[PDB]
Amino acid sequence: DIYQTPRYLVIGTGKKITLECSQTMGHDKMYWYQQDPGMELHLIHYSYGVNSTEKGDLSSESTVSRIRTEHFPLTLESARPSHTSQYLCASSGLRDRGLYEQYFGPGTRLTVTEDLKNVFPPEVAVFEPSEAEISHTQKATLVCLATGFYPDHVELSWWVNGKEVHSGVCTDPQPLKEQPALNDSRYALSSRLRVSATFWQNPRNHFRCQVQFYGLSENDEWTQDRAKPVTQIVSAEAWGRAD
């Protein structure tokens, strides 16, 4: 398939950046796109094969290289806020019918920030179903709250009895900004897990809200005397309540 690393990247300003892109389908034509969240796909670079390198309809602070057919790394220069967005890698091979189909990678979500001192991991809390809901509907809704995080590099998941669930779960598509008047506002995100009342009333049932946070690496320089806001798991749990 086609691959991209990193998936998430937070970086201070003025620093060099390289976004890796690999493809093992043996495809010749490869592309790089930039997309602001909610906006169109702007083509920025592409390649025809081994040693081809061309620019797209948007010129940026960026270069690519195609040394090999497999790898198509992108380099972003002196890191500038503007880079904040998603970078999509793609390749097209002759699927059939005389036609080339495009295949896209998972993408890199980049945030560029003034100072890394603005990076903070989330806090996670779980809230138990109200008795009122239980009696009125015979259902039970847990709410999970992730708050106080920057940047928006988060993945929330629910684990019941140690297995991940998707049924009965809804996570906010977009996060909230704690203070929406500030450039580097921290974020909050909310999710619901809904189960039957009897399930909830079994005190053997175990519920976990897990938030994977993508932040700094251990290699990244930290001078802030607080815990380095490294990539980490923050979690919160509840148990069934007989009542």
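Position 1 is the first residue in the sequence shown; the rest follow in order.
S.K.: Where do the C-alpha atoms have the higher mean temperature factor in this entry, in 194 to 202 or in 173 to 181?
M.R.: 173 to 181 has the higher mean C-alpha B-factor.
S.K.: Determine, for stretches 209 to 217 and 36 to 44, which one has the higher mean CA B-factor as deposited.
M.R.: Higher of the two, by average CA B-factor, is 36 to 44.
S.K.: Can you tell me which of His136, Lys117, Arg97, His153 has the highest Cα temperature factor in the record?
M.R.: Max CA B-factor in the entry, restricted to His136, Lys117, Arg97, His153: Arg97.
S.K.: Splitting the chain's C-alpha B-factors into thirds, which one does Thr141 fall into?
M.R.: Bottom third by C-alpha B-factor.
S.K.: So where's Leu9 on the chain's Cα temperature factor ranking, which third?
M.R.: Its C-alpha B-factor, which the entry lists for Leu9, ranks in the lowest third among residues of this chain.
S.K.: Could you tell me which third, lowest, middle or highest, the C-alpha B-factor of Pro129 occupies within its chain?
M.R.: Bottom third by C-alpha B-factor.
S.K.: Check where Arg109 lands among this chain's C-alpha B-factors and tell me if it's the lowest, middle or highest third.
M.R.: It belongs to the middle third of the chain when residues are ordered by C-alpha B-factor.
S.K.: Comparing against every modelled residue in the chain, figure out the third that the C-alpha B-factor of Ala227 lands in (lowest, middle or highest).
M.R.: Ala227: CA B-factor falls in the middle third of its chain.
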